[PDB]
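Protein chains in written order, with my numbering: chain A, 1 to 238; chain B, 1001 to 1223; chain C, 2001 to 2223; chain D, 3001 to 3225; chain E, 4001 to 4225; chain F, 5001 to 5049; chain G, 6001 to 6035.
Cβ atoms here follow ideal geometry from the backbone N, Cα and C, with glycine treated the same way.
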Amino acid sequence: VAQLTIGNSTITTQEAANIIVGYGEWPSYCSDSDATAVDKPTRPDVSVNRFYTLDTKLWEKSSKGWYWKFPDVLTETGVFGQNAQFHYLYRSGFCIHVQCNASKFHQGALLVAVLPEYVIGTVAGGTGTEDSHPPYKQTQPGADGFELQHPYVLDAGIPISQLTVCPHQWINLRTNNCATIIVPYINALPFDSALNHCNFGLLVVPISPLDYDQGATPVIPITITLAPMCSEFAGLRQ
Amino acid sequence: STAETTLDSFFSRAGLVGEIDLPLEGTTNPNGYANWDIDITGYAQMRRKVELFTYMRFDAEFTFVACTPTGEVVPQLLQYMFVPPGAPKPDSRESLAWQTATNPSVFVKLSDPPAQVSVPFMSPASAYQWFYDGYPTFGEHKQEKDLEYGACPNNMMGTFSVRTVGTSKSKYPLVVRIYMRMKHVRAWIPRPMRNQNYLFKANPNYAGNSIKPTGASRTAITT
Amino acid sequence: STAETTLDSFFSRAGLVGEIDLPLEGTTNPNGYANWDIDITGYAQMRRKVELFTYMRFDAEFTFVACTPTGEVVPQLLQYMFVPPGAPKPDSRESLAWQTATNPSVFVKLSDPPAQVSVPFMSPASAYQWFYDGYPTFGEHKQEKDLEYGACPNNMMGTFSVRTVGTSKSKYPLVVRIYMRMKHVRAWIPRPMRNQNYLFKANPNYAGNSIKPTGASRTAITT
Amino acid sequence: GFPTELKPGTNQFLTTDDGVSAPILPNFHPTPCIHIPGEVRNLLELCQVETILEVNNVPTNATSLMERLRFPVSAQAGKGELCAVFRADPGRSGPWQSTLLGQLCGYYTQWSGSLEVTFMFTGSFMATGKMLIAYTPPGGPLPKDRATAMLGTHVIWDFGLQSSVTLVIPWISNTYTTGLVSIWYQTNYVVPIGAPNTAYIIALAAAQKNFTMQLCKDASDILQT
Amino acid sequence: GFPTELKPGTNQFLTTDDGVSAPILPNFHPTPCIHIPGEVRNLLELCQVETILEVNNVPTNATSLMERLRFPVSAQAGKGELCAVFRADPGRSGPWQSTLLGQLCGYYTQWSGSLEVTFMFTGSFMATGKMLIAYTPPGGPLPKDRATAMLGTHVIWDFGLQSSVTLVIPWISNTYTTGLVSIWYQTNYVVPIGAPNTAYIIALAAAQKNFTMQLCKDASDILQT
Amino acid sequence: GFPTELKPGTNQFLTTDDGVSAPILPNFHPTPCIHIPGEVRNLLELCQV
Amino acid sequence: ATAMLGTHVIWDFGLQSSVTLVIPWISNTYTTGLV
């Protein structure tokens, strides 16, 4: 076990941890992009690229699952939120670290997966004629994240049983307690809007329910820590 | 050999994508013309197929099989006009859109073999995308509503405007069936395959009465 | 890539340039034939485009799409005769111009695919010109009047004489639509683009009640 | 003046013909492609990705659908039989329909190769016990007891291993019975005080690199109602 | 005797097809081309030529049309706002319609690149003062005062410089709001006795060499009535 | 623009003609043939039996 | 949340007591730093 420190933020994680890099590609600055000279977009590395730790979630016997949208999850938090809100164009990678705190007498399994372009589809009651489109709070839930209504179909008509085709990692309370996923910038464009486009959604869903004998702590905390990799912002000001 | 499971082979074939009725009398297309926005999902099984991935690039080969509702071949001259993304479509049979040179037109006889043309990769982006988690830009400010969600506008591929040549209505009832074949397919970011019925064309909405893929089993122990 | 803004690409396409009515009965073309002077500006958007420059060279590919006013295809044989600049046009259906070998003729069935021919750079000059600041050649003496101003005669491109083959009137009402495509375009001396409506075909005259390009604004300060 | 004869097949339109056709916009230059991570070039890449196998395809109510992604191991049970994974054919109606493999077989007619089915135990750290996972080749009947199942191909799984049990199915083909996977209680479920008396197993399945599919065949659900 | 099959697309006439066709006059030899100065080969040559930008597109009577080619700077004004150059999109209806760039955009569908807008002061030699020319990127609102406009991209123009103030628009695209150019009074307009108390600025605009247009689209006014 | 004349025999269907025709399943790869004993290539092999 | 935006260590009980927060600087010239 060791001390991991970037910027002014310091977290406690384990040396003995297996990292999964999404699609085998590390996040990178877009020397890629044609638009240069003049001039290259502001890039914040030392200060903005720190450990942002979201308010933990409490996962219960009855929990269905949660999701967070990126970068929406941070466009209301720190200096990342400042840059994302007051710039025109944006692109970045992410280091997502999901960790549980449970005892050896608890049990359960979490599927932590990343789904690029995670579009939500809510209902009107089964079925038409015409549609309810989901509100802001369900499509861009902010740093609090939103809770899944129908996990089996991922709130979008697609089976969760195949979610492992996405960059994922299991949190088996018996085996591990943390999962780390690295996500590079994925888009049909080199730059996009930070506030109107969510490049991917993070999913943390119980496949095997939390269980414990009566007397053990009824709620097990899920702590999400995330850190921007290769941020890039273009534009000015308000 | 594994060439049958390449994306090119998976999408290779030409399928019916649109039917155009041009009746003598009726309410269908009274003005002897029709505008058909290019719809990849005109062919039923294609959407679920195509939605296995998030981003895609492809060419499209369009073939136009025309005849009367009996399958009869008649001496009629047709015009197939391709209205590119951003160009205005014809609103009448006398619209000047029909003679705009920047709208590629094909003039075929119903007697001739089926017409055939290729449409390049039209998107301004580097790839089409069947899923767009976000509201269309420009951003923000508020916006005004929720309605625009999940709609990517860079998937616009064009429009085919089908009419009979001439100033007078045709003497024949016509059906123009149009077929699309995907060439040079590339795709990115695999997704779980749709397991709930579709409800609407432009969003992943599902009935709140959701079903298993299958489940013909009483207990886990008996086969 | 910048190949879409080349002059060749800018003029590349084939547009409707003339329609020829050959009715059974009427006052239009009672003698079953028609003379059509090659008019670049038959296609509406073409004049302003072409007048972006002062001098131009180009080839022309002409395509002939024929049918009845209903778009019907009928068993009729047609003749497309190209009367070069300086040759006399036919004045009757029995004129000997129809059989002058130096007028290239095309004999097509309305059944056949559209006819197609290429016309070379016809001008005696080194370039066509859409603008000729001066009175036609040649000077002196006075000359006769003001009327000839702004007319260059070296832009004459030829004439297409369209008729139905035979000594008797055709049994079918016919329409001959002819399309022109510019090849090998070169141009010299760019000009400001026309911002006032056209009045006459052969001069830059404009309405004495002239209009802005645009103007949707109340004050310079409010967007 | 070049002599030519047109053969039969002239003028026909074959929907599977791979010719070239006239570009409608010759001067149009499509947006140049940039690099996007995660490109797939052959569907077999997706067949080799393990996805959740609904061995427990018995509950059908929309609120108990997640119960299908796992099956229970209980202290209440004796040394009997846990569950018989439906026959080892990915393309057949059953458990395999939840896997990406089974759904990609739905788009093809014939297939063949080796399979991997990895089981993951998600009980508490304090729980221990042994399971006997047996593979019965096609034609053979389901073994009547744990003893006769032990006589064939089998791995004995202990909860000294969390989930390193990945049973390998030797070979599958299409030319109706196919191989059976049966999971038996070797020992009873063992826990100390404070550990829950039921735990769930998640089964993940995929194809190996020698897996191939042949005749393409579009056949799915319902389009846009 | 050469075997051949005719494919679909036979006999069709595609108006954008670039085939070759039979010469109607094979023996005719066209007038040989001589050299003419000013040949243009690509329209982008013309897009890079600065033409007058009617920022002052407010008067409409046929005698005050020339007033659109420039906007006034006045002694009467305080330290407030001069004029907001309409959004930096050349192809949109507005001031840019007077430029050759904007008119050539009317013939295309998509465009992207950098812009140059050069302002020229045509007051008397004796007049001096300062202007603040600010660029607001798309999405951002028009700055509420000179101070908050100063916080962003801006050049402070002094009449120690006659007209080399050429504001550069970073990037423009087509995928409705776009970047704004706003001109503010930094200082009041200063003149000695004998110099006129109002002066006019002429705005010239053009595209830079990284500017490109894509999908051609014929659409203009009216032909020969 | 390639000059061509169609000769008599055009469009005819001769049942003994050995041309090649469009594959109906271009992407389909037939089962690779394994070795089978007893291959015959000429009927004269059977006449000598 | 807003405390996380500043200098902070996140202490887990994977560490018994290896958390030793360091106060950067203190002086005397009434408010001073808060933990």
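> What does DSSP give as the partner residues of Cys4216 (chain E) in its beta bridges?
Replying inline: Mapped onto the fifth sequence, residue 4216 (chain E) falls at position 216. The partner list for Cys4216 (chain E) (beta bridge, DSSP) reads E:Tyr4108.
>> To the nearest angstrom, how far is the alpha carbon of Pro2153 (chain C) from that of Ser4220 (chain E)?
In response: Counted from its first residue, the third sequence places residue 2153 (chain C) at position 153. Counted from its first residue, the fifth sequence places residue 4220 (chain E) at position 220. C-alpha separation (whole angstroms): 27 Å.
>> Taking contact to mean 3 or more Cβ pairs, one atom from each stretch, closer than 8 Å, check whether the region 1001-1019 of chain B and the region 74-92 of chain A are in contact.
In response: no
> How far does the alpha helix (DSSP H) with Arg1048 (chain B) in it reach, from first residue to last?
Replying inline: On the second sequence, position 48 is the one that residue 1048 (chain B) refers to. Start and end: 1046-1050.
>> Quick check on the burial criterion: 16 or more other C-beta atoms within 10 angstroms. Buried or exposed for residue 2969 (chain D)?
In response: For chain D, the structure presents residues 3001 to 3225; residue 2969 (chain D) sits outside this window and is missing.
> How about the region 4111-4122 of chain E and the region 4187-4206 of chain E: do they share at least three Cβ pairs that are nearer than 8 Å?
Replying inline: yes
> chain A partners of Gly1208 (chain B), CB-CB under 7 Å?
Replying inline: As a first step, residue 1208 (chain B) must be located in the second sequence, where it is residue number 208. Ordered by position in chain A, the residues that pass the 7 Å Cβ test against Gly1208 (chain B) are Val123, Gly125, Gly126.
> Could you give the C-beta distance for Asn3057 (chain D) and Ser1217 (chain B), rounded to a whole number, given that I count them as a contact under 8 Å?
Replying inline: On the fourth sequence, residue 3057 (chain D) is found 57 positions in, with the first residue counted as 1. On the second sequence, residue 1217 (chain B) is found 217 positions in, with the first residue counted as 1. With 8 Å as the limit, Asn3057 (chain D) and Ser1217 (chain B) qualify as a contact, their Cβ atoms being about 5 Å apart.
> Can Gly3094 (chain D) and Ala216 (chain A) be called in contact, C-beta distance under 8 Å?
Replying inline: For the purposes of this step, residue 3094 (chain D) is identified with residue 94 of the fourth sequence, where counting begins at 1. For the purposes of this step, residue 216 (chain A) is identified with residue 216 of the first sequence, where counting begins at 1. No, Cβ-Cβ distance for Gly3094 (chain D) and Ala216 (chain A) is not below 8 Å.
> Based on the DSSP secondary-structure assignment, which residues constitute the bridge partners of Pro206 (chain A)?
Replying inline: Against the first sequence, residue 206 (chain A) aligns to sequence position 206. Beta-bridge pairing links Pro206 (chain A) to A:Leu110.
>> Could you check whether the Cβ of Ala3022 (chain D) sits closer than 8 Å to any Cβ belonging to chain B?
In response: Taking the first residue of the fourth sequence as 1, we reach residue 3022 (chain D) at position 22. With 8 Å as the cut-off, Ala3022 (chain D) counts as an interface residue toward chain B.
> Are the beta-carbon atoms of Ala102 (chain A) and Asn177 (chain A) separated by less than 8 Å?
Replying inline: For the purposes of this step, residue 102 (chain A) is taken as the residue at position 102 of the first sequence. For the purposes of this step, residue 177 (chain A) is taken as the residue at position 177 of the first sequence. Their beta carbons are under 8 Å apart, which means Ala102 (chain A) touches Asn177 (chain A) by this criterion.
>> Considering Cα atoms alone, identify which of A:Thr12, A:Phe191, A:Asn199 is closest to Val98 (chain A).
In response: Taking the first residue of the first sequence as position 1, residue 98 (chain A) is located at position 98. Here the closest residue by C-alpha is A:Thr12.
>> Any C-beta of chain A within less than 7 Å: which residues of the region 3064-3078 of chain D qualify?
In response: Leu3065, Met3066, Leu3069, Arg3070
>> Please classify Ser3182 (chain D) as buried or exposed, where buried requires at least 16 other C-beta atoms within 10 Å of its C-beta.
In response: Translated into the one-based positions of the fourth sequence, residue 3182 (chain D) becomes position 182. Answer is buried; the Cβ neighbour count reaches 16.
> How far does the alpha helix (DSSP H) with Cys2067 (chain C) in it reach, from first residue to last?
Replying inline: Taking the third sequence and counting its residues from 1, the one referred to as residue 2067 (chain C) is at position 67. No alpha helix (DSSP H) holds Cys2067 (chain C); the beta strand (DSSP E) holding it covers 2053-2067.
> Got a sec: is the Cβ-Cβ distance from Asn1154 (chain B) to anything in chain E below 8 Å?
Replying inline: Counted from its first residue, the second sequence places residue 1154 (chain B) at position 154. Cβ-Cβ to chain E under 8 Å: yes for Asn1154 (chain B).
>> According to DSSP, is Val1074 (chain B) part of a helix, a strand, or is it coil?
In response: Taking the first residue of the second sequence as 1, we reach residue 1074 (chain B) at position 74. If DSSP states are grouped into helix, strand and coil, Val1074 (chain B) belongs with coil.
>> Just list the residues that DSSP pairs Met4131 (chain E) with in beta bridges.
In response: Along the fifth sequence, read from residue 1 onward, the residue named residue 4131 (chain E) stands at position 131. Beta-bridge pairing links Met4131 (chain E) to E:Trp4157, E:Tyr4185.
>> Just to make sure I have the definition right: I need the residues of chain E whose C-beta is within less than 8 Å of the C-beta of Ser2118 (chain C). Which are they?
In response: As a working note, residue 2118 (chain C) is residue 118 in the third sequence. Going along chain E in sequence order, the residues near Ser2118 (chain C) (Cβ under 8 Å) are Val4020, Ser4021, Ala4022, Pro4023, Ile4024.
> Just the Cα atoms here: how many angstroms apart are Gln149 (chain A) and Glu1144 (chain B)?
Replying inline: Counted from its first residue, the first sequence places residue 149 (chain A) at position 149. Counted from its first residue, the second sequence places residue 1144 (chain B) at position 144. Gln149 (chain A) and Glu1144 (chain B): Cα-Cα distance of roughly 26 Å.
> Along chain C, in chain order, which residues have C-beta atoms closer than 8 Å to that of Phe3028 (chain D)?
Replying inline: As a working note, residue 3028 (chain D) is residue 28 in the fourth sequence. Ordered by position in chain C, the residues that pass the 8 Å Cβ test against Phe3028 (chain D) are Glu2004.
> According to DSSP, is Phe105 (chain A) helix, strand or coil?
Replying inline: Position 105 of the first sequence holds residue 105 (chain A). Correct three-state label for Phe105 (chain A): coil.
>> Is there a Cβ of chain A sitting closer than 8 Å to that of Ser1126 (chain B), yes or no?
In response: Counting from 1 along the second sequence, the entry for residue 1126 (chain B) is found at position 126. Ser1126 (chain B) counts as touching chain A.
>> For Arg2048 (chain C), count the other beta carbons within 10 Å of its own beta carbon; 16 or more makes it buried, fewer makes it exposed. Which is it?
In response: For this step, residue 2048 (chain C) is matched to residue 48 along the third sequence. By the 10 Å Cβ count, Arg2048 (chain C) comes out buried.
> To which residues does DSSP link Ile19 (chain A) through a beta bridge?
Replying inline: The count along the first sequence starts at 1 and reaches residue 19 (chain A) at position 19. In DSSP, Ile19 (chain A) forms a bridge with A:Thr180.
> Just reading off the alpha helix (DSSP H) that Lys1171 (chain B) is part of, what are its end residues?
Replying inline: Stepping through the second sequence from its first residue, residue 1171 (chain B) is reached at position 171. Where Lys1171 (chain B) is concerned, there is no enclosing alpha helix (DSSP H), given that its DSSP letter is neither H nor E.
> According to DSSP, is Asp2008 (chain C) helix, strand or coil?
Replying inline: Stepping through the third sequence from its first residue, residue 2008 (chain C) is reached at position 8. Reduced to three states, the DSSP call for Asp2008 (chain C) is helix.
> Mind pulling the chain E residues with CB within less than 7 Å of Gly5001 (chain F)?
Replying inline: Locating residue 5001 (chain F) in the sixth sequence gives position 1, counting from the first residue. Going along chain E in sequence order, the residues near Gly5001 (chain F) (Cβ under 7 Å) are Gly4019, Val4020, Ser4021.
> In chain A, which residues lie with their C-beta within 7 Å of the C-beta of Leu6005 (chain G)?
Replying inline: Residue 6005 (chain G) sits at position 5 when you count from the first residue of the seventh sequence. Chain A residues near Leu6005 (chain G): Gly78.
> So, is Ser3021 (chain D) buried or exposed, given that buried needs 16 or more other C-beta atoms within 10 angstroms?
Replying inline: Taking the fourth sequence and counting its residues from 1, one reaches residue 3021 (chain D) at position 21. By the neighbour-count rule (16 or more Cβ atoms within 10 Å), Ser3021 (chain D) is buried.
>> My output table needs one value for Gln6016 (chain G): the three-state DSSP class, helix, strand or coil.
In response: Against the seventh sequence, residue 6016 (chain G) aligns to sequence position 16. Three-state result, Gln6016 (chain G): coil.
> Counting Cβ pairs, one atom from each stretch, are 3 or more of them under 8 Å apart for the region 2027-2037 of chain C and the region 4070-4078 of chain E?
Replying inline: no
> Relative to the C-alpha of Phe2138 (chain C), which residue among C:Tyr2128, C:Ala2151, C:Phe2131, C:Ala2127 is closest?
Replying inline: Here residue 2138 (chain C) refers to the residue found at position 138 when the third sequence is read from its first residue. When each option's Cα is compared against that of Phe2138 (chain C), the closest is C:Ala2151.
> Just how far apart, CA to CA, sit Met4213 (chain E) and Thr2159 (chain C)?
Replying inline: Counting from one through the fifth sequence, the residue named residue 4213 (chain E) turns up at place 213. Counting from one through the third sequence, the residue named residue 2159 (chain C) turns up at place 159. The alpha-carbon atoms of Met4213 (chain E) and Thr2159 (chain C) are separated by roughly 36 Å.
> Name the DSSP bridge partner or partners of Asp1037 (chain B)?
Replying inline: For this step, residue 1037 (chain B) is matched to residue 37 along the second sequence. Per DSSP, B:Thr1159.
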